[PDB]
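We begin with a single chain expressed as C-alpha cells, specifically the form deposited in one PDB entry.
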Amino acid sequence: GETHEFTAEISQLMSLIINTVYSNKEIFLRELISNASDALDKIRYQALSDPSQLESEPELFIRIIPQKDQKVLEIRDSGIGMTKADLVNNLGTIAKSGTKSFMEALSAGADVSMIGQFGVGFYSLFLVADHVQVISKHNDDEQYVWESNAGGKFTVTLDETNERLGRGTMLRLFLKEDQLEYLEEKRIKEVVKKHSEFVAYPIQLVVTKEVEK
C-alpha cells in the first residue's frame, strides 16, 4: 500500500491542467484512446514473436463504461498493461522527458491539445476529472491499482478489490461536476467519431438502460 511523490515537473503539469479553463476538454478522450491504442500496438507486437503473450486475454479492444451512479467514466483496454515497476516509476524518466518542453510550449501559445506529442497525454484526464484510479495487469506481474487525487502524492496497491482485467489497463475518472456530459452515450459517441477515425481497434461503449416492462 505504498505512497509515492510526483516529480516537480509532473506536479507542475497536473496543476496546470486541472486548473486550466481550456474549453475543448473533449480531447482528454482522444488522448486516453491513443494511450490505449499504443498499449494494444505493443502487445500485438510482442505477441507476434511470442503468441502465448495473448493467452491472458485474446481479445484486443478498447471499451468505455460510463458509471452514472458514481459519476465515474471508465476506459479499459486489453493492451500490454503495466507492471508494478511501471506504475511506481510513472514509466521512468524517458517517458516523461517532454513534460518541461510541453509546459514551455504552453507558455509560448500552444494548444493544450498537442500534449500527446510530448508523450504525456495521460495527464489530460485532469481536464475533466479531479481524481483517477489506474488498474493494470501486465503478463509479467500481478494486478495493481495506481491512484491520484491530483496532489503531490499517489499510491500503488496490489489489486484485491477490482474485476480481473486479464491483461491491460482500466482508467476510472472521477468526473468534475461540470463535466458530466461525458457520461452520456450521445456525447461519448460524438467525441469518438470526431477524434478516433484512425484507431485500428474496436472501440466499444457500454450503456446501461432500464427495461420498459
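Start at 1 and count along the sequence shown; that's the residue number. Rigid core (definition): largest C-alpha set, two forms, superposition within 1.5 Å.
The following text describes the form deposited in another entry, which does not appear among the structures shown.
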Handout entry: Rigid-core frame, C-alpha of residue 111, shift of 2 angstroms or more between this form and the one not shown
Key = yes
Practice task
Classify residue 139 as shifted (yes) or not shifted (no) between this form and the one not shown, where shifted means its C-alpha moves by 2 Å or more with the rigid core superposed.
Solution key: no
Practice task
Spell out whether the Cα of residue 76 moves at least 2 Å between this form and the one not shown when the two forms are superposed on their rigid core.
Solution key: no
Exercise for the section: Once you account for a change of 3 Å or more, let me know if residue 93 and residue 25 sit closer or farther in that other deposited form, using their C-alpha atoms. Expected result: closer
Problem - Shift in CA distance, residue 44 and residue 92, in that other deposited form relative to the form shown here, given it is 3 Å or more - result: farther
